[PDB]
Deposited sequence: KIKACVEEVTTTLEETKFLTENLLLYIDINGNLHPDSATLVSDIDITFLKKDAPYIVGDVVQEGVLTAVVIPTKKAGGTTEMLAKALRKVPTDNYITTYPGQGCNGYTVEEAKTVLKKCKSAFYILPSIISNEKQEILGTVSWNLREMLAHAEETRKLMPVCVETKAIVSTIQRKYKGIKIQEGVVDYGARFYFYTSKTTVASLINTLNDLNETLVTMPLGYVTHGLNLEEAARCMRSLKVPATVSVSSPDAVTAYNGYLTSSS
């Protein structure tokens, strides 16, 4: 019913051409699905938004289902039951920001309406901004920075006289990825995954995108690069790690 394959997307197409993607209420692709869509028009995903959980859109080789965020496992199962019975290449549903575990996803796919081929898929610290900047500078790790956070921008401008801060990668003094809250956490995670650099970072989405620390920890599971994650205090180190022990 569910088979974990050892192959890349292209190397799995011999089994089936059909891909099952996960989207949110607005038709935005989950980070795990966002990389499976190259050279395909995806206008249809957002064209009919907003959706409700369980809605399914299809075009060509692609099927996409709107999935929930865990509070429930029953709601994730109910959403997957709407996918037409077929054979699909996919990823485990509900990972990353949505908050489900791999075992929860397996439980849901165990119900076996369709057949699924599942593609294959650093210490936490409490460092202040001065410490993070110094660490980035010497290690050459990429440091995401929200440019709306003026206190950070001001610090960077004082440390690296002459830096011209703008959105995107800026490599001046240290290597920064400057972003704003006006793009999604998913898009930021996908960009950082594509850059394929080790990070030194605060939890992504925390505060800037309205996420609490647990929600941000869930999203951080979608990173496919190593990351030194720096949290607000020693007590937050324990909390954050606990969110990941789950």
Quiz item: Could you list, start to end, the deposited-sequence stretches with no C-alpha atoms?
Solution: 1-4, 76-78, 129-137, 263-264
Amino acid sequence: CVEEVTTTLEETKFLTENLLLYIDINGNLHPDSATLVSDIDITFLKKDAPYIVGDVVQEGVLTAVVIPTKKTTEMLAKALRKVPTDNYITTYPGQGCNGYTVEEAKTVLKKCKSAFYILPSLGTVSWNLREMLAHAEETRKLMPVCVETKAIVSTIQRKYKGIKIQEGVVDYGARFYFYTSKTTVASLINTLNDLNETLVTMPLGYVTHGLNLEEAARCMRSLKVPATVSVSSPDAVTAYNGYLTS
From here on, numbers count along this sequence of modelled residues.
Quiz item: On average, which has the higher Cα B-factor in the deposited entry, 231-239 or 15-23?
Solution: 231-239
Exercise. Using the B-factors recorded in the PDB entry, average over the C-alpha atoms of 34-42 and of 184-192, then report which stretch comes out higher.
Key: 34-42
Practice problem: Quick one: which of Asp171, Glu167, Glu148, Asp86 shows the highest Cα temperature factor in the PDB entry? | Solution: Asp86
Quiz item: Out of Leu129, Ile118, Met143, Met75, which shows the largest CA B-factor listed in the entry?
Solution: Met75
Practice problem: Sorting the chain's modelled residues by C-alpha B-factor, tell me whether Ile163 ends up in the lowest, middle or highest third. | Solution: lowest
Quiz item: Should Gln95 be placed in the lowest, middle or highest third of its chain by the C-alpha B factor in the entry?
Solution: middle
Exercise. Would you check the entry's CA temperature factor for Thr69 and let me know if it's in the chain's lowest, middle or highest third?
Key: highest
Quiz item: If you rank the chain by CA B-factor, which third does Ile152 end up in: lowest, middle or highest?
Solution: middle
Quiz item: Going by the entry, which third of its chain does the Cα temperature factor of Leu211 land in?
Solution: middle
